[PDB]
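Structure data (compact mmCIF, N, CA and C atoms) from final-v4.txt:
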```
# COMPACT_ATOMS: atom_id res chain seq x y z
N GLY J 1 33.35 -8.43 -4.28
CA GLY J 1 32.30 -9.39 -4.00
C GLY J 1 31.39 -8.95 -2.88
N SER J 2 30.09 -9.15 -3.05
CA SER J 2 29.11 -8.76 -2.04
C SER J 2 27.85 -9.62 -2.14
N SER J 3 27.61 -10.42 -1.11
CA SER J 3 26.44 -11.29 -1.08
C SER J 3 25.67 -11.13 0.23
N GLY J 4 24.37 -11.37 0.17
CA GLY J 4 23.54 -11.24 1.36
C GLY J 4 22.06 -11.16 1.03
N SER J 5 21.35 -12.26 1.23
CA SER J 5 19.92 -12.31 0.95
C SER J 5 19.31 -13.62 1.44
N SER J 6 18.49 -13.53 2.49
CA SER J 6 17.85 -14.71 3.06
C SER J 6 16.38 -14.43 3.36
N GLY J 7 15.55 -15.46 3.24
CA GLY J 7 14.13 -15.31 3.51
C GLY J 7 13.83 -15.15 4.98
N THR J 8 12.88 -14.27 5.30
CA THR J 8 12.50 -14.02 6.68
C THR J 8 11.04 -14.38 6.93
N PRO J 9 10.76 -14.92 8.12
CA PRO J 9 9.40 -15.32 8.51
C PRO J 9 8.48 -14.12 8.71
N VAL J 10 9.06 -13.00 9.14
CA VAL J 10 8.29 -11.78 9.37
C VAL J 10 7.47 -11.41 8.14
N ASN J 11 6.22 -11.03 8.36
CA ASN J 11 5.33 -10.65 7.27
C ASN J 11 5.46 -9.16 6.96
N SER J 12 5.34 -8.81 5.69
CA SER J 12 5.44 -7.42 5.26
C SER J 12 4.43 -7.12 4.15
N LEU J 13 4.12 -5.84 3.99
CA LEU J 13 3.16 -5.41 2.97
C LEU J 13 3.83 -4.48 1.96
N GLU J 14 5.08 -4.77 1.63
CA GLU J 14 5.83 -3.96 0.68
C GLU J 14 6.18 -4.77 -0.57
N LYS J 15 5.22 -4.88 -1.48
CA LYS J 15 5.43 -5.63 -2.72
C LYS J 15 5.95 -4.72 -3.82
N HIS J 16 5.14 -3.73 -4.19
CA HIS J 16 5.52 -2.78 -5.24
C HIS J 16 7.03 -2.51 -5.21
N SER J 17 7.62 -2.37 -6.39
CA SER J 17 9.05 -2.12 -6.50
C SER J 17 9.40 -0.73 -5.97
N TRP J 18 8.63 0.27 -6.41
CA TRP J 18 8.86 1.65 -5.99
C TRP J 18 8.58 1.81 -4.50
N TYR J 19 7.49 1.21 -4.03
CA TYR J 19 7.11 1.29 -2.63
C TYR J 19 8.22 0.75 -1.73
N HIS J 20 8.65 1.57 -0.78
CA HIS J 20 9.71 1.17 0.15
C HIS J 20 9.31 1.48 1.59
N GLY J 21 8.04 1.23 1.91
CA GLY J 21 7.56 1.48 3.26
C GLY J 21 8.08 2.79 3.82
N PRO J 22 8.17 2.86 5.16
CA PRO J 22 8.66 4.06 5.85
C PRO J 22 10.15 4.30 5.64
N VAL J 23 10.49 5.46 5.11
CA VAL J 23 11.88 5.81 4.85
C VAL J 23 12.16 7.27 5.19
N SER J 24 13.17 7.50 6.01
CA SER J 24 13.54 8.86 6.42
C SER J 24 13.85 9.72 5.20
N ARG J 25 13.42 10.98 5.25
CA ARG J 25 13.65 11.91 4.15
C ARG J 25 15.05 11.74 3.58
N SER J 26 16.05 11.74 4.46
CA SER J 26 17.44 11.60 4.05
C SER J 26 17.67 10.24 3.39
N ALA J 27 17.21 9.18 4.05
CA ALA J 27 17.36 7.83 3.52
C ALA J 27 17.03 7.78 2.04
N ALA J 28 15.92 8.41 1.66
CA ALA J 28 15.49 8.44 0.27
C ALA J 28 16.55 9.08 -0.62
N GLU J 29 16.88 10.34 -0.33
CA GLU J 29 17.87 11.07 -1.11
C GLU J 29 19.16 10.26 -1.23
N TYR J 30 19.65 9.76 -0.10
CA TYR J 30 20.88 8.98 -0.08
C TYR J 30 20.76 7.75 -0.99
N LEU J 31 19.87 6.84 -0.62
CA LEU J 31 19.65 5.63 -1.40
C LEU J 31 19.63 5.93 -2.89
N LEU J 32 18.90 6.98 -3.26
CA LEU J 32 18.80 7.38 -4.66
C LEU J 32 20.18 7.52 -5.29
N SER J 33 21.13 8.02 -4.52
CA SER J 33 22.49 8.20 -5.00
C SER J 33 23.07 6.88 -5.51
N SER J 34 22.55 5.78 -4.99
CA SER J 34 23.02 4.45 -5.38
C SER J 34 22.20 3.92 -6.56
N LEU J 35 21.80 4.82 -7.45
CA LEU J 35 21.02 4.45 -8.62
C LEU J 35 21.27 5.41 -9.77
N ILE J 36 20.70 5.10 -10.94
CA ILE J 36 20.86 5.94 -12.12
C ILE J 36 20.09 7.25 -11.96
N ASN J 37 20.22 8.12 -12.96
CA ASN J 37 19.54 9.41 -12.93
C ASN J 37 18.11 9.28 -13.46
N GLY J 38 17.42 8.22 -13.03
CA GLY J 38 16.05 8.00 -13.47
C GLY J 38 15.31 7.02 -12.59
N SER J 39 15.54 7.11 -11.29
CA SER J 39 14.89 6.21 -10.33
C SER J 39 13.88 6.97 -9.48
N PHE J 40 12.76 6.32 -9.18
CA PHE J 40 11.71 6.93 -8.37
C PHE J 40 11.26 5.98 -7.27
N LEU J 41 11.26 6.48 -6.03
CA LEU J 41 10.85 5.68 -4.89
C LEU J 41 9.72 6.36 -4.12
N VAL J 42 9.00 5.58 -3.32
CA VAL J 42 7.89 6.11 -2.54
C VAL J 42 8.11 5.88 -1.05
N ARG J 43 8.51 6.94 -0.34
CA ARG J 43 8.76 6.85 1.09
C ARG J 43 7.52 7.25 1.89
N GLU J 44 7.48 6.84 3.15
CA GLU J 44 6.35 7.15 4.02
C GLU J 44 6.82 7.71 5.35
N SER J 45 6.27 8.86 5.74
CA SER J 45 6.64 9.50 6.99
C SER J 45 5.92 8.85 8.17
N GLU J 46 6.54 8.93 9.35
CA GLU J 46 5.96 8.34 10.55
C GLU J 46 5.10 9.36 11.29
N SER J 47 5.69 10.52 11.59
CA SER J 47 4.98 11.57 12.30
C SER J 47 3.55 11.70 11.80
N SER J 48 3.39 12.21 10.58
CA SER J 48 2.07 12.38 9.98
C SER J 48 1.42 11.03 9.70
N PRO J 49 0.10 10.95 9.95
CA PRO J 49 -0.67 9.73 9.73
C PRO J 49 -0.83 9.40 8.25
N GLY J 50 -0.14 8.35 7.80
CA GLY J 50 -0.22 7.95 6.41
C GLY J 50 0.20 9.06 5.46
N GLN J 51 1.48 9.44 5.52
CA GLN J 51 2.00 10.49 4.67
C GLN J 51 2.99 9.93 3.65
N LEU J 52 2.55 9.82 2.40
CA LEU J 52 3.40 9.30 1.34
C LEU J 52 4.04 10.43 0.54
N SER J 53 5.01 10.09 -0.30
CA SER J 53 5.70 11.08 -1.12
C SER J 53 6.56 10.40 -2.18
N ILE J 54 6.50 10.93 -3.40
CA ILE J 54 7.27 10.38 -4.51
C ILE J 54 8.49 11.24 -4.81
N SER J 55 9.67 10.73 -4.45
CA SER J 55 10.92 11.45 -4.68
C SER J 55 11.79 10.71 -5.69
N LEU J 56 11.81 11.22 -6.92
CA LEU J 56 12.61 10.61 -7.98
C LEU J 56 13.85 11.45 -8.28
N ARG J 57 14.99 10.78 -8.43
CA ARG J 57 16.24 11.46 -8.72
C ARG J 57 16.37 11.75 -10.21
N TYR J 58 16.89 12.93 -10.53
CA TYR J 58 17.07 13.33 -11.92
C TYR J 58 18.07 14.48 -12.04
N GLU J 59 19.06 14.31 -12.91
CA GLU J 59 20.08 15.33 -13.11
C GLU J 59 20.66 15.79 -11.78
N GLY J 60 20.88 14.83 -10.87
CA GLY J 60 21.43 15.16 -9.57
C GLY J 60 20.49 16.00 -8.73
N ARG J 61 19.20 15.70 -8.82
CA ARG J 61 18.19 16.44 -8.07
C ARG J 61 17.06 15.51 -7.63
N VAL J 62 16.45 15.83 -6.49
CA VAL J 62 15.36 15.03 -5.96
C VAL J 62 14.05 15.81 -5.97
N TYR J 63 13.16 15.45 -6.90
CA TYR J 63 11.87 16.12 -7.02
C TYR J 63 10.84 15.49 -6.09
N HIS J 64 10.37 16.27 -5.12
CA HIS J 64 9.38 15.80 -4.17
C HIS J 64 7.96 16.02 -4.69
N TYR J 65 7.10 15.03 -4.50
CA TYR J 65 5.72 15.11 -4.96
C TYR J 65 4.75 14.71 -3.85
N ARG J 66 4.46 15.65 -2.96
CA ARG J 66 3.55 15.39 -1.85
C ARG J 66 2.15 15.03 -2.36
N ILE J 67 1.81 13.75 -2.29
CA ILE J 67 0.51 13.28 -2.74
C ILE J 67 -0.62 14.00 -2.01
N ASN J 68 -1.54 14.58 -2.78
CA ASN J 68 -2.67 15.29 -2.21
C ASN J 68 -3.81 14.33 -1.88
N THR J 69 -4.86 14.86 -1.26
CA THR J 69 -6.02 14.06 -0.89
C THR J 69 -7.32 14.81 -1.12
N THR J 70 -8.30 14.14 -1.71
CA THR J 70 -9.59 14.75 -2.00
C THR J 70 -10.57 14.50 -0.86
N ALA J 71 -11.67 15.25 -0.86
CA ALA J 71 -12.69 15.11 0.17
C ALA J 71 -13.00 13.65 0.45
N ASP J 72 -13.23 12.89 -0.61
CA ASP J 72 -13.53 11.47 -0.49
C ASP J 72 -12.34 10.70 0.09
N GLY J 73 -11.23 10.70 -0.64
CA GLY J 73 -10.05 10.01 -0.19
C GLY J 73 -9.21 9.47 -1.34
N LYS J 74 -9.04 10.28 -2.37
CA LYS J 74 -8.26 9.88 -3.54
C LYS J 74 -6.89 10.55 -3.53
N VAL J 75 -5.98 10.03 -4.35
CA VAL J 75 -4.63 10.57 -4.44
C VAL J 75 -4.29 10.97 -5.87
N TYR J 76 -3.69 12.14 -6.03
CA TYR J 76 -3.31 12.64 -7.34
C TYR J 76 -2.37 13.84 -7.22
N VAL J 77 -1.20 13.73 -7.84
CA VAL J 77 -0.22 14.81 -7.81
C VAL J 77 -0.15 15.53 -9.15
N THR J 78 -1.15 16.36 -9.43
CA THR J 78 -1.20 17.10 -10.67
C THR J 78 -2.42 18.02 -10.72
N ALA J 79 -2.43 18.95 -11.67
CA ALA J 79 -3.54 19.88 -11.82
C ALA J 79 -4.28 19.65 -13.13
N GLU J 80 -3.87 18.62 -13.87
CA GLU J 80 -4.49 18.29 -15.14
C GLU J 80 -5.65 17.32 -14.95
N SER J 81 -5.42 16.29 -14.14
CA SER J 81 -6.45 15.29 -13.87
C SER J 81 -6.27 14.69 -12.48
N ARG J 82 -7.09 13.69 -12.17
CA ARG J 82 -7.02 13.03 -10.87
C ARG J 82 -7.00 11.51 -11.03
N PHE J 83 -6.65 10.81 -9.96
CA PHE J 83 -6.59 9.35 -9.98
C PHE J 83 -7.37 8.76 -8.82
N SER J 84 -7.80 7.51 -8.98
CA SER J 84 -8.57 6.82 -7.95
C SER J 84 -7.67 6.42 -6.78
N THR J 85 -6.70 5.56 -7.07
CA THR J 85 -5.77 5.09 -6.05
C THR J 85 -4.33 5.40 -6.43
N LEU J 86 -3.40 5.09 -5.53
CA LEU J 86 -1.98 5.33 -5.77
C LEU J 86 -1.48 4.51 -6.96
N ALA J 87 -1.69 3.20 -6.88
CA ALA J 87 -1.26 2.30 -7.95
C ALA J 87 -1.46 2.94 -9.32
N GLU J 88 -2.64 3.52 -9.52
CA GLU J 88 -2.96 4.17 -10.79
C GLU J 88 -2.12 5.43 -10.99
N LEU J 89 -1.87 6.14 -9.90
CA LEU J 89 -1.08 7.36 -9.95
C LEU J 89 0.31 7.10 -10.52
N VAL J 90 0.97 6.06 -10.01
CA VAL J 90 2.30 5.70 -10.48
C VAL J 90 2.23 4.92 -11.79
N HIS J 91 1.25 4.03 -11.89
CA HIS J 91 1.07 3.22 -13.09
C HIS J 91 0.85 4.11 -14.31
N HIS J 92 -0.23 4.88 -14.29
CA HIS J 92 -0.55 5.77 -15.40
C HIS J 92 0.63 6.68 -15.73
N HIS J 93 1.13 7.38 -14.72
CA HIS J 93 2.26 8.29 -14.90
C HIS J 93 3.43 7.57 -15.57
N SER J 94 3.76 6.38 -15.06
CA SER J 94 4.86 5.60 -15.61
C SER J 94 4.95 5.77 -17.12
N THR J 95 3.79 5.80 -17.78
CA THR J 95 3.74 5.95 -19.22
C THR J 95 4.07 7.38 -19.64
N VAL J 96 3.27 8.33 -19.14
CA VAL J 96 3.48 9.74 -19.46
C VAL J 96 3.60 10.57 -18.19
N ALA J 97 4.56 11.50 -18.19
CA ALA J 97 4.78 12.36 -17.03
C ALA J 97 3.50 13.08 -16.63
N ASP J 98 2.82 13.66 -17.62
CA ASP J 98 1.57 14.38 -17.37
C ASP J 98 1.76 15.41 -16.26
N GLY J 99 2.90 16.09 -16.28
CA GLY J 99 3.19 17.10 -15.28
C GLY J 99 4.45 16.81 -14.50
N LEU J 100 4.57 15.58 -14.00
CA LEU J 100 5.74 15.18 -13.23
C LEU J 100 7.03 15.57 -13.95
N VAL J 101 8.16 15.38 -13.28
CA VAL J 101 9.46 15.71 -13.86
C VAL J 101 9.82 14.75 -14.99
N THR J 102 9.37 13.50 -14.86
CA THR J 102 9.64 12.48 -15.87
C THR J 102 8.64 11.34 -15.78
N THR J 103 8.84 10.32 -16.60
CA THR J 103 7.96 9.16 -16.62
C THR J 103 8.50 8.04 -15.75
N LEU J 104 7.84 7.79 -14.62
CA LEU J 104 8.25 6.74 -13.70
C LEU J 104 8.55 5.45 -14.44
N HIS J 105 9.83 5.17 -14.65
CA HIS J 105 10.25 3.96 -15.35
C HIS J 105 10.94 2.99 -14.40
N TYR J 106 11.95 3.48 -13.68
CA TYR J 106 12.69 2.66 -12.74
C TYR J 106 12.30 2.99 -11.30
N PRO J 107 11.32 2.24 -10.77
CA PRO J 107 10.83 2.43 -9.40
C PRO J 107 11.85 2.01 -8.35
N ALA J 108 12.38 0.80 -8.50
CA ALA J 108 13.37 0.28 -7.57
C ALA J 108 14.17 -0.85 -8.19
N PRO J 109 15.42 -1.02 -7.74
CA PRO J 109 16.32 -2.07 -8.24
C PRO J 109 15.87 -3.46 -7.81
N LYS J 110 16.62 -4.47 -8.24
CA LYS J 110 16.30 -5.86 -7.90
C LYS J 110 14.80 -6.05 -7.76
N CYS J 111 14.04 -5.54 -8.72
CA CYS J 111 12.59 -5.65 -8.70
C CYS J 111 12.16 -7.12 -8.77
N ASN J 112 11.30 -7.52 -7.84
CA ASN J 112 10.82 -8.90 -7.79
C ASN J 112 9.30 -8.94 -7.92
N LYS J 113 8.82 -9.78 -8.84
CA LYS J 113 7.38 -9.92 -9.06
C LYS J 113 6.82 -11.11 -8.29
N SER J 114 7.53 -12.23 -8.34
CA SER J 114 7.11 -13.43 -7.64
C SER J 114 7.99 -13.70 -6.42
N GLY J 115 7.37 -13.75 -5.25
CA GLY J 115 8.11 -13.99 -4.03
C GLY J 115 7.48 -15.08 -3.18
N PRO J 116 8.00 -15.25 -1.95
CA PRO J 116 7.50 -16.26 -1.01
C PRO J 116 6.10 -15.93 -0.49
N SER J 117 5.57 -16.80 0.36
CA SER J 117 4.25 -16.60 0.93
C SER J 117 4.34 -15.99 2.33
N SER J 118 3.30 -15.27 2.72
CA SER J 118 3.26 -14.62 4.03
C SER J 118 1.89 -14.03 4.31
N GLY J 119 1.39 -14.25 5.53
CA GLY J 119 0.09 -13.73 5.90
C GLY J 119 -0.09 -13.62 7.40
```

What's the structure tokens form of this structure?
Amino acid sequence: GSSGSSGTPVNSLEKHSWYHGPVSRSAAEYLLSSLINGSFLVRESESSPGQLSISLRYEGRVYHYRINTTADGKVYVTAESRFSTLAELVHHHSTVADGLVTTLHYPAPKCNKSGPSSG
């Protein structure tokens, strides 16, 4: 038996299931171990200013995808095409790998769409 979940007053900007705010490189790899061989999460580094990365576990391996940046300010991890924003990067890919190791299907567990209010 294991229970533990209560609402907090503190405000947060981590809605997306895959998005897990700032997470230590290790934290990602480890946490992944607590999931199937088809989970993908998005961690964020502290040192570097706004440094995201998509690390999905597969066949006992963690594929890192350092999101690139264009002159303007777009994100896209591939050499076939480009994307406007991140949401589209993961959304579009979710359907087809288009280069990635696999198709982002399971971003994060206990995925919640409707939650409490906060601002």

Name the residues of stretch 10-93 of chain J that come out as strand (DSSP E) in a backbone DSSP run; write them as an MDAnalysis selection string. chainID J and resid 19:22 40:45 51:57 62:65

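The spacing separating atom N of residue J:97 from atom C of residue J:29 amounts to 22.4 Å.
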
Leaving out residue J:19 and any residue of its chain fewer than 2 positions from it, which residues lie within 8 Å of it when counting all atoms listed in the file, given as a VMD selection string? chain J and resid 13 to 17 21 to 22 40 to 44 107 to 108

Residues as selected, N, CA and C atoms, written as a compact mmCIF listing (two decimals), keeping the file's coordinate frame, can you do that?
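Saved the output as out31.txt:
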```txt
# COMPACT_ATOMS: atom_id res chain seq x y z
N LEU J 13 4.12 -5.84 3.99
CA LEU J 13 3.16 -5.41 2.97
C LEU J 13 3.83 -4.48 1.96
N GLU J 14 5.08 -4.77 1.63
CA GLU J 14 5.83 -3.96 0.68
C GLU J 14 6.18 -4.77 -0.57
N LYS J 15 5.22 -4.88 -1.48
CA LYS J 15 5.43 -5.63 -2.72
C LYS J 15 5.95 -4.72 -3.82
N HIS J 16 5.14 -3.73 -4.19
CA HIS J 16 5.52 -2.78 -5.24
C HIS J 16 7.03 -2.51 -5.21
N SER J 17 7.62 -2.37 -6.39
CA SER J 17 9.05 -2.12 -6.50
C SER J 17 9.40 -0.73 -5.97
N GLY J 21 8.04 1.23 1.91
CA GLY J 21 7.56 1.48 3.26
C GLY J 21 8.08 2.79 3.82
N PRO J 22 8.17 2.86 5.16
CA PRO J 22 8.66 4.06 5.85
C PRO J 22 10.15 4.30 5.64
N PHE J 40 12.76 6.32 -9.18
CA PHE J 40 11.71 6.93 -8.37
C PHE J 40 11.26 5.98 -7.27
N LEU J 41 11.26 6.48 -6.03
CA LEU J 41 10.85 5.68 -4.89
C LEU J 41 9.72 6.36 -4.12
N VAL J 42 9.00 5.58 -3.32
CA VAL J 42 7.89 6.11 -2.54
C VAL J 42 8.11 5.88 -1.05
N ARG J 43 8.51 6.94 -0.34
CA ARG J 43 8.76 6.85 1.09
C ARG J 43 7.52 7.25 1.89
N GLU J 44 7.48 6.84 3.15
CA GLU J 44 6.35 7.15 4.02
C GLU J 44 6.82 7.71 5.35
N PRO J 107 11.32 2.24 -10.77
CA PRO J 107 10.83 2.43 -9.40
C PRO J 107 11.85 2.01 -8.35
N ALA J 108 12.38 0.80 -8.50
CA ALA J 108 13.37 0.28 -7.57
C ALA J 108 14.17 -0.85 -8.19
```

Hey, what's within 12 Å of residue J:119 if we count only C-alpha atoms and toss same-chain stuff fewer than 6 positions away? As a PyMOL selection string, please? chain J and resi 9-13

I need the residues in chain J that are helix (DSSP H, G or I) according to DSSP; give them as a PyMOL selection string. chain J and resi 25-33+86-95

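Comparing J:24, J:70, J:117, J:34 by their smallest distance to residue J:46, the closest is J:24 (using all atoms listed in the file).
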
Scan for residues within 12 Å of the point (0.5, 9.7, 2.7) in the coordinates of the file, using only C-alpha atoms, and reply as a ChimeraX atom specification. /J:19,21-22,42-54,65-69,73-77,85-86

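Atom C of residue J:103 to atom CA of residue J:30 spans 20.0 Å [interatomic distance, one decimal].
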
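Comparing the minimum interatomic distances between residue J:98 and each of J:79, J:56, J:32, J:111, counting all atoms listed in the file, we find that J:79 sits nearest.
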
Among the residues J:55, J:6, J:84, J:118, the one that comes closest to residue J:101 [using only C-alpha atoms]: J:55

Which protein, DNA or RNA residues are at most 10 Å from (20.8, 0.9, -7.6) in the file's coordinates when you count only C-alpha atoms, listed as a list in words? residues 31, 32, 33, 34, 35, 36, 39, 106, 108, 109 and 110 of chain J

Quick one: pull the distance between atom C of residue J:58 and atom C of residue J:37, Å, one decimal. 5.4 Å

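Using all atoms listed in the file for every distance, the candidate list J:78, J:114, J:4, J:28 yields J:78 as the residue closest to residue J:100.
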
Atoms are missing here; could stretch 68-93 of chain J be completed with N, CA, C and O atoms and written as a PDB file, in the frame of the given file?
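Resulting contents of selection_24.pdb:
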```pdb
ATOM      1  N   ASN J  68      -1.540  14.580  -2.780  1.00  0.00           N
ATOM      2  CA  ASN J  68      -2.670  15.290  -2.210  1.00  0.00           C
ATOM      3  C   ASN J  68      -3.810  14.330  -1.880  1.00  0.00           C
ATOM      4  O   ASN J  68      -3.741  13.140  -2.173  1.00  0.00           O
ATOM      5  N   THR J  69      -4.860  14.860  -1.260  1.00  0.00           N
ATOM      6  CA  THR J  69      -6.020  14.060  -0.890  1.00  0.00           C
ATOM      7  C   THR J  69      -7.320  14.810  -1.120  1.00  0.00           C
ATOM      8  O   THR J  69      -7.436  15.990  -0.773  1.00  0.00           O
ATOM      9  N   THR J  70      -8.300  14.140  -1.710  1.00  0.00           N
ATOM     10  CA  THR J  70      -9.590  14.750  -2.000  1.00  0.00           C
ATOM     11  C   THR J  70     -10.570  14.500  -0.860  1.00  0.00           C
ATOM     12  O   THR J  70     -10.341  13.657   0.005  1.00  0.00           O
ATOM     13  N   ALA J  71     -11.670  15.250  -0.860  1.00  0.00           N
ATOM     14  CA  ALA J  71     -12.690  15.110   0.170  1.00  0.00           C
ATOM     15  C   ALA J  71     -13.000  13.650   0.450  1.00  0.00           C
ATOM     16  O   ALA J  71     -13.030  13.216   1.602  1.00  0.00           O
ATOM     17  N   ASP J  72     -13.230  12.890  -0.610  1.00  0.00           N
ATOM     18  CA  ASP J  72     -13.530  11.470  -0.490  1.00  0.00           C
ATOM     19  C   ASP J  72     -12.340  10.700   0.090  1.00  0.00           C
ATOM     20  O   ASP J  72     -12.430  10.128   1.174  1.00  0.00           O
ATOM     21  N   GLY J  73     -11.230  10.700  -0.640  1.00  0.00           N
ATOM     22  CA  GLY J  73     -10.050  10.010  -0.190  1.00  0.00           C
ATOM     23  C   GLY J  73      -9.210   9.470  -1.340  1.00  0.00           C
ATOM     24  O   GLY J  73      -8.738   8.335  -1.288  1.00  0.00           O
ATOM     25  N   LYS J  74      -9.040  10.280  -2.370  1.00  0.00           N
ATOM     26  CA  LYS J  74      -8.260   9.880  -3.540  1.00  0.00           C
ATOM     27  C   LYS J  74      -6.890  10.550  -3.530  1.00  0.00           C
ATOM     28  O   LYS J  74      -6.656  11.505  -2.796  1.00  0.00           O
ATOM     29  N   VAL J  75      -5.980  10.030  -4.350  1.00  0.00           N
ATOM     30  CA  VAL J  75      -4.630  10.570  -4.440  1.00  0.00           C
ATOM     31  C   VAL J  75      -4.290  10.970  -5.870  1.00  0.00           C
ATOM     32  O   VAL J  75      -4.578  10.235  -6.818  1.00  0.00           O
ATOM     33  N   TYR J  76      -3.690  12.140  -6.030  1.00  0.00           N
ATOM     34  CA  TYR J  76      -3.310  12.640  -7.340  1.00  0.00           C
ATOM     35  C   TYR J  76      -2.370  13.840  -7.220  1.00  0.00           C
ATOM     36  O   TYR J  76      -2.705  14.842  -6.587  1.00  0.00           O
ATOM     37  N   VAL J  77      -1.200  13.730  -7.840  1.00  0.00           N
ATOM     38  CA  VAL J  77      -0.220  14.810  -7.810  1.00  0.00           C
ATOM     39  C   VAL J  77      -0.150  15.530  -9.150  1.00  0.00           C
ATOM     40  O   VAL J  77       0.798  15.345  -9.918  1.00  0.00           O
ATOM     41  N   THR J  78      -1.150  16.360  -9.430  1.00  0.00           N
ATOM     42  CA  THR J  78      -1.200  17.100 -10.670  1.00  0.00           C
ATOM     43  C   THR J  78      -2.420  18.020 -10.720  1.00  0.00           C
ATOM     44  O   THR J  78      -3.337  17.886  -9.905  1.00  0.00           O
ATOM     45  N   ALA J  79      -2.430  18.950 -11.670  1.00  0.00           N
ATOM     46  CA  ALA J  79      -3.540  19.880 -11.820  1.00  0.00           C
ATOM     47  C   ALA J  79      -4.280  19.650 -13.130  1.00  0.00           C
ATOM     48  O   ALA J  79      -5.204  20.384 -13.471  1.00  0.00           O
ATOM     49  N   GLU J  80      -3.870  18.620 -13.870  1.00  0.00           N
ATOM     50  CA  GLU J  80      -4.490  18.290 -15.140  1.00  0.00           C
ATOM     51  C   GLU J  80      -5.650  17.320 -14.950  1.00  0.00           C
ATOM     52  O   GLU J  80      -6.729  17.504 -15.513  1.00  0.00           O
ATOM     53  N   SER J  81      -5.420  16.290 -14.140  1.00  0.00           N
ATOM     54  CA  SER J  81      -6.450  15.290 -13.870  1.00  0.00           C
ATOM     55  C   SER J  81      -6.270  14.690 -12.480  1.00  0.00           C
ATOM     56  O   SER J  81      -5.414  15.119 -11.712  1.00  0.00           O
ATOM     57  N   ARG J  82      -7.090  13.690 -12.170  1.00  0.00           N
ATOM     58  CA  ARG J  82      -7.020  13.030 -10.870  1.00  0.00           C
ATOM     59  C   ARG J  82      -7.000  11.510 -11.030  1.00  0.00           C
ATOM     60  O   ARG J  82      -7.293  10.983 -12.107  1.00  0.00           O
ATOM     61  N   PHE J  83      -6.650  10.810  -9.960  1.00  0.00           N
ATOM     62  CA  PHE J  83      -6.590   9.350  -9.980  1.00  0.00           C
ATOM     63  C   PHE J  83      -7.370   8.760  -8.820  1.00  0.00           C
ATOM     64  O   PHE J  83      -7.583   9.410  -7.796  1.00  0.00           O
ATOM     65  N   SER J  84      -7.800   7.510  -8.980  1.00  0.00           N
ATOM     66  CA  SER J  84      -8.570   6.820  -7.950  1.00  0.00           C
ATOM     67  C   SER J  84      -7.670   6.420  -6.780  1.00  0.00           C
ATOM     68  O   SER J  84      -7.856   6.871  -5.651  1.00  0.00           O
ATOM     69  N   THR J  85      -6.700   5.560  -7.070  1.00  0.00           N
ATOM     70  CA  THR J  85      -5.770   5.090  -6.050  1.00  0.00           C
ATOM     71  C   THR J  85      -4.330   5.400  -6.430  1.00  0.00           C
ATOM     72  O   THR J  85      -4.058   5.915  -7.517  1.00  0.00           O
ATOM     73  N   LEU J  86      -3.400   5.090  -5.530  1.00  0.00           N
ATOM     74  CA  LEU J  86      -1.980   5.330  -5.770  1.00  0.00           C
ATOM     75  C   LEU J  86      -1.480   4.510  -6.960  1.00  0.00           C
ATOM     76  O   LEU J  86      -0.928   5.050  -7.912  1.00  0.00           O
ATOM     77  N   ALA J  87      -1.690   3.200  -6.880  1.00  0.00           N
ATOM     78  CA  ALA J  87      -1.260   2.300  -7.950  1.00  0.00           C
ATOM     79  C   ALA J  87      -1.460   2.940  -9.320  1.00  0.00           C
ATOM     80  O   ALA J  87      -0.576   2.897 -10.171  1.00  0.00           O
ATOM     81  N   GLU J  88      -2.640   3.520  -9.520  1.00  0.00           N
ATOM     82  CA  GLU J  88      -2.960   4.170 -10.790  1.00  0.00           C
ATOM     83  C   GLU J  88      -2.120   5.430 -10.990  1.00  0.00           C
ATOM     84  O   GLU J  88      -1.720   5.753 -12.107  1.00  0.00           O
ATOM     85  N   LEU J  89      -1.870   6.140  -9.900  1.00  0.00           N
ATOM     86  CA  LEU J  89      -1.080   7.360  -9.950  1.00  0.00           C
ATOM     87  C   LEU J  89       0.310   7.100 -10.520  1.00  0.00           C
ATOM     88  O   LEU J  89       0.767   7.814 -11.414  1.00  0.00           O
ATOM     89  N   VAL J  90       0.970   6.060 -10.010  1.00  0.00           N
ATOM     90  CA  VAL J  90       2.300   5.700 -10.480  1.00  0.00           C
ATOM     91  C   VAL J  90       2.230   4.920 -11.790  1.00  0.00           C
ATOM     92  O   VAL J  90       3.046   5.129 -12.688  1.00  0.00           O
ATOM     93  N   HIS J  91       1.250   4.030 -11.890  1.00  0.00           N
ATOM     94  CA  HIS J  91       1.070   3.220 -13.090  1.00  0.00           C
ATOM     95  C   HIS J  91       0.850   4.110 -14.310  1.00  0.00           C
ATOM     96  O   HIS J  91       1.643   4.086 -15.256  1.00  0.00           O
ATOM     97  N   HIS J  92      -0.230   4.880 -14.290  1.00  0.00           N
ATOM     98  CA  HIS J  92      -0.550   5.770 -15.400  1.00  0.00           C
ATOM     99  C   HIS J  92       0.630   6.680 -15.730  1.00  0.00           C
ATOM    100  O   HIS J  92       1.076   6.743 -16.874  1.00  0.00           O
ATOM    101  N   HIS J  93       1.130   7.380 -14.720  1.00  0.00           N
ATOM    102  CA  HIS J  93       2.260   8.290 -14.900  1.00  0.00           C
ATOM    103  C   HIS J  93       3.430   7.570 -15.570  1.00  0.00           C
ATOM    104  O   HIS J  93       4.022   8.078 -16.519  1.00  0.00           O
TER     105      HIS J  93
END
```
